[PDB]
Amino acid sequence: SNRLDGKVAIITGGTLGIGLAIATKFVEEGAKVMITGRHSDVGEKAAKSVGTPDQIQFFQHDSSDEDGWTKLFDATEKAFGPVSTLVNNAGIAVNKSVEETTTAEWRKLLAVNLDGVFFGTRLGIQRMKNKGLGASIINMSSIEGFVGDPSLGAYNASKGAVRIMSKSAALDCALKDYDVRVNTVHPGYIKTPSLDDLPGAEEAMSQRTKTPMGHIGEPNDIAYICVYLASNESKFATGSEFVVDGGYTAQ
């Protein structure tokens, strides 16, 4: 324990599901955390349920709002000191094939899943570089950044852009000695509130033809791999992809 001693972390969309589990384990390991979300009653209840205000707080912010990113970092710095860790987790999904995707659907999904991650990654580098913090940016992609799905058109493009954009960021901060690492995490199917939104997807993706283990994962499975990437145990890991999918992409 205390594998994240002295760290200051922002976690976008950390009030439910995967992000909420990441926040819980981060606090358990010594970090001070700021979770974000769009609904404030859910968000404040989530922060209080994990710990005290000097351990974790909430900040209402839509990841696609460019102006909010500056206020988010200022607030976190004011409460806990300089930020050392960023988890770009907030994202959404659309159940459409490329052929049947409306232009409205296309723009709204990429505004969050791609533009938002770019806004945070870009400002994270500026604020955390050259400060001896052992900085780490963790961008949440997916197995849909490796393989395609016939009814996840815009989502496939979303996560593929994230996959390769982070490699470019990682190289720039390593060649320039910024003391910032960038890595991507690729979950399989995990039981979260948003997966209950796609009816019957859990049973379909628990078949052996899809997930060889015959079942899907839990939010803590993604939390543990991000503790590794946020801690100084991973000080030699940058620009790499980490897959936790129960065998999905192995076949």
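So that there is no doubt, residue numbering starts at 1 and follows the sequence shown.
*Asks:* Quick one: say whether 146-154 or 74-82 has the higher mean Cα B-factor in the deposited entry.
*Replies:* So the stretch with the higher mean C-alpha B-factor is 74-82.
*Asks:* Of 196-204 and 55-63, which one has the bigger average CA B-factor?
*Replies:* Averaged over C-alpha atoms, the B-factors run higher in 196-204.
*Asks:* Which of these has the highest Cα B-factor in the record: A31, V185, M213, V182?
*Replies:* Top of the list by C-alpha B-factor: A31.
*Asks:* By the recorded C-alpha temperature factor, relative to the other modelled residues in its chain, which third is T15 in?
*Replies:* For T15, the deposited C-alpha B-factor lands in the highest third.
*Asks:* Within this chain's modelled residues, let me know which third the CA B factor of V8 belongs to: lowest, middle or highest.
*Replies:* Ranked within chain, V8 CA B lands in the middle tercile.
*Asks:* Of the three thirds of its chain by CA temperature factor, lowest, middle or highest, which one includes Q251?
*Replies:* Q251: CA B-factor falls in the middle third of its chain.
*Asks:* Taking the C-alpha B-factors as the PDB entry records them, is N130 in the lowest, middle or highest third of its chain?
*Replies:* Highest third.
*Asks:* Can you tell me whether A223 has a C-alpha B-factor in the lowest, middle or highest third compared with the other modelled residues of the same chain?
*Replies:* CA B-factor rank for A223: middle third.
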